Amino acid sequence: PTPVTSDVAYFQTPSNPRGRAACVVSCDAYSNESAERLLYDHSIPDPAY
Amino acid sequence: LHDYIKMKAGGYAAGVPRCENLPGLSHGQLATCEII
Amino acid sequence: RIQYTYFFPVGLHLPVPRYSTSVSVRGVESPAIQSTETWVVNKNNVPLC
Amino acid sequence: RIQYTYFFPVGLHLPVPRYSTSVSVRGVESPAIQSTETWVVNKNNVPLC
Amino acid sequence: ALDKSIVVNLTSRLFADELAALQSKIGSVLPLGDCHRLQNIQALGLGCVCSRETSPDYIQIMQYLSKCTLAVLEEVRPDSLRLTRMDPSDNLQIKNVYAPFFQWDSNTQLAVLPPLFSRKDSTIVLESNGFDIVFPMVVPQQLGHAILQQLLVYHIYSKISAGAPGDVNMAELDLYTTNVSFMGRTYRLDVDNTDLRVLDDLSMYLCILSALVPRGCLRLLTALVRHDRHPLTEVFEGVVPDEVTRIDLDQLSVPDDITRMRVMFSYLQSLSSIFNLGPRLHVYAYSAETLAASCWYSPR
Amino acid sequence: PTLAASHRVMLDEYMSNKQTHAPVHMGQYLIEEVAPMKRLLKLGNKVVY
Amino acid sequence: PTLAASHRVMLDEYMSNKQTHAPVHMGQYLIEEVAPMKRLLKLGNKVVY
Amino acid sequence: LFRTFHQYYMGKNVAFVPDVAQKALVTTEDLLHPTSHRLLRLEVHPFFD
Amino acid sequence: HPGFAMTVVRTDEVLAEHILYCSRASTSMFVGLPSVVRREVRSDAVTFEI
């Protein structure tokens, strides 16, 4: 269950049902605390957007 | 008042610059944009 | 064999300054209607609600 | 490694005799609107406000 | 064409647990009271001075440090060690294994200090011979003069608490003293809740100075009054405290101020002799991920 | 993502003309599929590859 | 300069038909990119060189 | 009801603001901006508050 | 809308692959003889310089 005003321009493009992107190859090796910062933070806008 | 605006708006590592507030990109090297 | 995962919305709403691009449709355009369904085309090229 | 610059506006206005060279847009017509954004297609082809 | 190689033979073979603790380092610094090539184990540590049965002290190490000859490990065979002699203005390679781990920097200056820290962190106890080997504490000089600095403060206020504990708050003590802020970096040492006693004799000295020393300047001020008396020393009435200038030499008799003014200068030299440094080696180049250094020895 | 349209209209406008297609109307929308496989859509006998 | 469109519309009219492009409306406009490199814009699967 | 009233409004400090009042003025996109965690941690699923 | 419109600049990188043409015999080459210097002699390692 998606908000009513999530705009459609996300949907034509290959992306995620998550609100964020989730590519982990971006992060370093073995940095678990740094790789969680991609998935769950809300100060950092997405590696997508 | 300066403690208000920075809240409402917003180092090195091994000889290569590296910002702490991004643990990863996806769309290549994140460019900059400017104001006139 | 190769799998995939496909991605899909339903039942959204767009912001206030609405717009058109179509030359030929005379149906929907009254702004009181609200869609609650979609349409997908199958393996057999058959539409499904 | 060649670099460039890319010149880019946002948030403009046009003079009194406004017009519309247009194939078809039913949407934004009135002079009451004032657009306050732009859109760029990404390197990876996603329009960002 | 000179040669140097210091082999230390042994009586008993090493255990399989001890040798792995001695492969933990392969290059370090040992004081070594020798010039021969064959040597028994009773000299390569600091147990000749700092051992279990007698209480440990801090002058007699620092006396023995500048007196002695430093040496570098090369190899630990099971039968015997193999040290390398340190020539004055030599050039060789050094790793660290020191506790706690003070991170280096290239182009710095090093002093050689005794371990006043935890005994498990300090030494490697041999049970093959029942004889300790103790390593010196290799710290850069600014850190070494600062790690001594607040611990020496820390030991003095301990004795106030045993006499009258209503004068020093330990939260005020464990915040300003066990913290080292150099190279923009923080460190934290061992508080030692076992009972310390290495740095007690400085606190035996420097506090016995602090009644003798400001008593001492009033006699020296009225000593050689001339018009040859040096013009810079007129200025230092402004530095001497107001209370110091109200002391007579009346009550302390003339046969007693002899016994002051010899004992006055005697501590003021022997404390200079240890604050002025020990034998040293400067390190010019260094890498962090290997921990290997590049040294040149500077005697004293 | 796959084909979708929040009314039967825009599926018919999808298979009508691929070039002068309109992706967004005032009420509804569309997503052209982006996939590593294509197909032959087969409403009636019009074929949009 | 590169692409800009003060409403969402004129990106669609840019990629629907390039020859009968609509460059200016009453309140909105577009800038066609002029650069020594030329890409393939790929909203959906419509391709503008 | 006098004594329910005087004892609340007599000498009041900076008046507090709850979460629900804070969400119900902020506009449709302004929530989805990374200036704010403390309106997004308490948004979990739209049935519960 | 605040009181002003505004212009934006950017940059970009392109990892291009370049073609370098050079005509025949437009540079004369003077090539000396290699010499040996030594530096940083430790007791465990010796480094040279060419």
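Right, let's walk through the structure included here. (Residues numbered from 1 in each chain as written, not as in the entry; some residues may be left out. Chains lettered and ligands numbered in written order. Part of a larger assembly, values for the part shown. Heavy atoms only, no water.)

### Re the overall build of chain B
Now for step 1: The helix and strand tally for chain B stands at 1 helix and 2 strands.
Now for step 2: Beginning at the N terminus, the succession of helices and strands in chain B can be written as α-β-β.
Now for step 3: Taking the principal axes of the C-alpha coordinates as reference, chain B spans close to 35 × 25 × 20 Å.
Now for step 4: Counting only residues that meet the buried cut, chain B has 6% of its 36 residues in that class.
Now for step 5: Approximately 3400 Å² of chain B is accessible, and the part contributed by carbon and sulfur atoms is 62%. (Helix = DSSP H or I, 4+ residues; strand = E, 2+ residues; numbered from the N terminus. Buried < 20%, exposed > 50% of the residue type's maximum accessible area, 1.4 Å probe, protein only. Areas by Shrake-Rupley, 256 points an atom, 1.4 Å probe, with all protein chains shown as cover.)

### A word on a nonpolar patch on the surface
Now for step 1: There is a patch of nonpolar side chains on the surface, built from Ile2, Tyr4 and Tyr6 of chain C together with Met37 of chain F and spanning about 440 Å² of accessible area.
Now for step 2: One can find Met37 of chain F in the segment after α1 (8-16). (Patch = residues over 30% accessible without salt bridge, like charges linked within 9 Å, V, L, I, M, F, W, Y side chains within 5 Å. Salt bridge = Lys/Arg side-chain N within 4 Å of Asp/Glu carboxyl O.)

### What about the sheet that holds strand β6 (residues 108-113) of chain E?
All names here are of chain E.
Now for step 1: Here 4 strands make up an open sheet; going across it, the order is β9-β6-β12-β13 and the pairing antiparallel. Of all strands in the sheet, those with a lone pairing partner are β9 (137-140) and β13 (293-298), marking the two edges. In this sheet, neighbouring strand axes are inclined to one another by 30° on average, regardless of whether the strands run parallel or antiparallel.
Now for step 2: Each of β6, β9 and β12 (280-286) touches helix α4 (residues 141-163); the most contacted strand, β9, lies at about 110° to it. (Pairing = 2+ DSSP bridges. Axes fitted to C-alpha atoms, helices over the stretch in contact; angles between N-to-C directions. Contact = heavy atoms within 4.5 Å.)

### A few points about the interface of chain C and chain F
Now for step 1: Each partner contributes to the interface: chain C provides 27 residues, whereas chain F provides 26 residues.
Now for step 2: Both sides together, the interface formed by chain C and chain F hides about 2500 Å², and carbon and sulfur atoms give 61% of it.
Now for step 3: Counting the surface chain C buries against chain F, the share from its top three residues, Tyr6, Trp39 and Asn45 of chain C, is 23%.
Now for step 4: At the junction of chain C with chain F, the criterion picks out 0 salt bridges.
Now for step 5: The interface formed by chain C and chain F includes 6 residue pairs in polar contact. (Buried area = accessible area lost by both parts, 1.4 Å probe. Polar contact = N/O pair within 3.5 Å; in protein donor to acceptor, adjacent residues only side chain to side chain.)

### Quick word on the side chain of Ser16 of chain G
Now for step 1: Counting through the fold element by element, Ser16 of chain G comes out in helix α1 (residues 9-16).
Now for step 2: Sequence-distant contacts of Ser16 of chain G, that is, excluding residues within four places in its chain, are made with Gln19, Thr20 and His21 of chain F.

### Section: the packing of helix α6 (residues 200-221) of chain E against helix α7 (residues 254-275) of chain E
Residue and element names in this part refer to chain E.
Now for step 1: Two elements in contact, α6 and α7, have axes separated by 10 Å at closest approach and are oriented at 130°. Taken together, the axes of α6 and α7 lie oblique to each other. Helix-helix and strand crossings are classified by hand; for α6 and α7 the assignment is left-handed. Contacts from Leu202, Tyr205, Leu206, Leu209, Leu212, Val213, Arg215, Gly216 and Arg219 of α6 reach α7 at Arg260, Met261, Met264, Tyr267, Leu268, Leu271 and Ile274.
Now for step 2: Split by residue class, the contact of α6 with α7 holds 12 nonpolar, 1 polar and 3 charged. (Parallel < 35°, antiparallel > 145°, perpendicular 65-115°, else oblique. Left-handed = near helix turned anticlockwise from the far one by under 90°. Nonpolar A, V, L, I, M, F, W, Y, C, P; charged D, E, K, R; others polar.)

### What to know about the sheet that holds strand β5 (residues 81-85) of chain E
All names here are of chain E.
Now for step 1: Taken in spatial order, the 3 strands of this open sheet run β2-β4-β5, and their pairing is antiparallel. Single-partner strands in this sheet number two, and they are β2 (29-31) and β5. Strand after strand, the sheet turns through a mean of 45° between neighbouring axes, direction not considered.
Now for step 2: When β2 meets strand β4 (residues 70-76), the two strands line up antiparallel, connected through 3 bridges. Residue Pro31 lies in a different strand from β4, and its bridge partner there is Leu70.

### Quick word on the environment of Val134 of chain E
Residues and elements named next belong to chain E.
Now for step 1: Relative to the helices and strands, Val134 resides in the loop between β8 (132-133) and β9.
Now for step 2: The class of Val134 is buried, set by a relative accessible area of 1%.
Now for step 3: Considered as a pair, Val134 and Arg119 are 15 residues apart in the sequence and their alpha carbons are 9.4 Å apart.
Now for step 4: Excluding anything up to four places from it in sequence, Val134 contacts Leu30, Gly45, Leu46, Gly47, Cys50, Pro115, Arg119, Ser122 and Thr123.

### Concerning the environment of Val34 of chain F
Now for step 1: With respect to the helices and strands, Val34 of chain F occurs in the segment after α1.
Now for step 2: Judged by relative accessible area, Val34 of chain F falls into the partly exposed class, the value being 34%.
Now for step 3: A C-alpha to C-alpha distance of 9.1 Å links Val34 of chain F and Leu3 of chain F, two positions 31 residues apart in sequence.
Now for step 4: When residues no more than four places from it in sequence are discounted, the contact partners of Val34 of chain F are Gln12 of chain A, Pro1 of chain F together with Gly44 of chain G.

### Describing the pattern of salt bridges
Now for step 1: This structure, assessed with the given rule, holds 15 salt bridges over all chains.
Now for step 2: Salt-bridge contacts for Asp41 of chain A lead to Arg37 of chain A; the nearest nitrogen and oxygen are separated by 3.7 Å.
Now for step 3: Residue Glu74 of chain E is joined to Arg82 of chain E by a salt bridge in which the shortest nitrogen-to-oxygen separation is 3.4 Å.
Now for step 4: Residue classification places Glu74 of chain E among the partly exposed positions, given a relative accessible area of 38%.
Now for step 5: Among the residues examined, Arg82 of chain E registers a relative accessible area of 28% and is labelled partly exposed.

### So, the nonpolar core
Now for step 1: In this structure, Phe117, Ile147, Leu151, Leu202 and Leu281 of chain E are the most contacted members of the largest nonpolar core, which totals 46 residues.
Now for step 2: Setting aside residues no more than four positions away along its own chain, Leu151 of chain E makes contact with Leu116, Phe117, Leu189 and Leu199 of chain E.
Now for step 3: With 22 residues, the next largest nonpolar core counts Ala4 and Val24 of chain F together with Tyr14 and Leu41 of chain G among its residues. (Core = buried A, V, L, I, M, F, W, Y, C linked by side-chain atoms within 4.5 Å.)

### Notes on the packing of aromatic side chains
Now for step 1: Enumeration over the complete set of coordinates arrives at 11 aromatic pairs over all chains.
Now for step 2: Members of the aromatic cluster, each reached through a chain of ring pairs, are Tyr10, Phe11 and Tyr49 of chain A together with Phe7 of chain C.
Now for step 3: One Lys or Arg, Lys25 of chain E, reaches over the ring of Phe135 of chain E and ends 3.0 Å from the middle of that ring.
Now for step 4: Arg10 of chain I extends its terminal NZ or CZ atom over the ring of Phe8 of chain D, reaching a point 5.8 Å from the ring centre. (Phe/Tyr/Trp six-rings, centres within 6.5 Å; stacked < 30°, edge-to-face > 60°. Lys NZ or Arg CZ within 6 Å of the ring centre and 35° of its normal.)

### Considerations on the pairing of β6 of chain E
Note on strand geometry: in a regular strand, side chains alternate between the two faces of the sheet.
All names here are of chain E.
Now for step 1: When you tally the buried positions in β6, you get 5 out of 6 residues, the bulk of the element.
Now for step 2: As judged from the 4 bridges shared by β6 and β12, these two strands associate in the antiparallel manner. Within the sheet, the bridge partner assigned to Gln109 lies in β12 and is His282.
Now for step 3: Bridge count between β6 and β9: 4 bridges; the pairing is antiparallel. In the sheet register, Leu110 faces β9, and the bridge partner there is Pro140.

### Structural notes on the pairing of β4 of chain E
All names here are of chain E.
Now for step 1: For β4, a buried count of 5 out of 7 residues is recorded, marking the element as mostly surrounded by other parts of the structure.
Now for step 2: As paired strands, β4 and β5 are joined by 5 bridges and run antiparallel to one another. Within the sheet, the bridge partner assigned to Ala71 lies in β5 and is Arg85.
Now for step 3: Taken together, β4 and the strand that follows it, β5, pair antiparallel across an intervening segment of 4 residues.

Purely geometric numbers; function is a separate question.
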